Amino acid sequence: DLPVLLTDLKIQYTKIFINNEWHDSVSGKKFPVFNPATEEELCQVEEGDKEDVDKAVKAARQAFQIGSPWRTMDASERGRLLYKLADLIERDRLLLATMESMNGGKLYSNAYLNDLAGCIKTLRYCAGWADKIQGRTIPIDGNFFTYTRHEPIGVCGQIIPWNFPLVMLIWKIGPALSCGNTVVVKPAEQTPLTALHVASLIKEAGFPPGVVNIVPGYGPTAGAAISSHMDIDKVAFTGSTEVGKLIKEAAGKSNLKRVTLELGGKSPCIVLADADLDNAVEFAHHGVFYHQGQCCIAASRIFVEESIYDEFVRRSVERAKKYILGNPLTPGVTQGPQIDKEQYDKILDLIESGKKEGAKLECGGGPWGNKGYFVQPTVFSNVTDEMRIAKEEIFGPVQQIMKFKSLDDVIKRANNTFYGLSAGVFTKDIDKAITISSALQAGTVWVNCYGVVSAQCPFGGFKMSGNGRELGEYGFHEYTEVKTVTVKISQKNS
């Protein structure tokens, strides 16, 4: 099957990365990092806090100064540095996939084939934009010459989640750097290791010091310090809606820093009677169960037209019973662990609520073993809108299936949530596909597929699933600050 690392993974990078150098935490404190499949400690990482964030921000600010190498180099050269970084990640693909799998509880085949490929491709996409970011010339009323500059914003604080550590790192730094910003990155406490390896590559690629700085640490300490910092121009955060609210609040209270948020969801699928049933079953399944359900876009409410509901459930249950739980580095394993005990506990609790509230348990419904954080793939049918499992983001391998008869009513039910990250629509009918996708209050709507994400398209939430968009052309806007320059002239001509 796939290539593997022929030598044992040695963890080398564990410190705070500022000005292209490695730093101990100011306090001297360190924190442990674990393998969630085995509960073994992999290493200790420097514990960044407010004081470390402050150093990083000073370094990022200095690198952003007018006249600095990063501000004065050709846009095309920023692009070239990003392309070079992509090449380096490609070179270290085995190492990074192995590290990502070990630290993140992520199936190795997925880490190698999906995550690493996504990283490389996304970086290369971003590189291409650097010298194609353009302002406007504007035919303003009066005798004036008016143009706009789409400048970088400045120092961007970027807070990265644990579910796709490498991919999310690139999703953030790629556009930020392509646009000419400098960054202070705070990877998730659970998964700092791949980010720190990437930092070694950032130095190797030749980025000027201070352009990228990485501060491992906890949310309420390092993350909060970023969000309330008086010299950070922008914060980007991916994670829970609850923390998203606190970031936005702290931005308002501190220096009115710009904010982009990619938060939770409770994304619905609507499966019409005319759908290709196998395709719908398969995508809805993938949509819920990919990476042990640990995706913001998880297809966590599947609404199925009455006449095909029983068959849909049956095929979904068959598909869910085929998994082999274990160490994600082990060939033959097809489901890894949840990231940590807190997530594991929360998932089991929500599964209990489902049983208690009268959802029909079709398979799974409990833990698997004591070692690491494994949850049996679980399917609930006859789920109703008022159940906790129908309302709350689970972030685990738990599928909810519901029936509908009225299309108008099921669109209302799909939209009746504060969330709005994504949705899926399954039908062969042109008119239905277009009109349903238009009516759904979701940032991405998939038609006859699910979970198809690419660097070329903008991604983000409606309502409380997010503020702003990442990637594609549109996502680049959020890493620029627009300046209008209006020059008096003696006479204009069209």
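Heads up: residue numbers just count along the shown sequence, starting at 1.
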item: 280-288 versus 154-162 - greater average Cα B-factor per the deposited record; value: 280-288
item: Higher-B stretch (mean Cα B-factor, as the entry records it), 420-428 or 374-382; value: 374-382
item: Residue of maximum C-alpha B factor among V235, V167, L361, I339, per deposited coordinates; value: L361
item: C-alpha B-factor winner, where the candidates are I394, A75, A127, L193; value: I394
item: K50 CA temperature factor, ranked by third within the chain; value: highest
item: Among modelled residues of the same chain, the CA temperature factor third for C295; value: highest
item: Position of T260 among the chain's modelled residues by C-alpha B-factor, lowest, middle or highest third; value: middle
item: Ranked C-alpha temperature factor of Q335 among modelled chain residues, by third; value: middle
item: B-factor third for the C-alpha atom of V482 within its chain; value: lowest
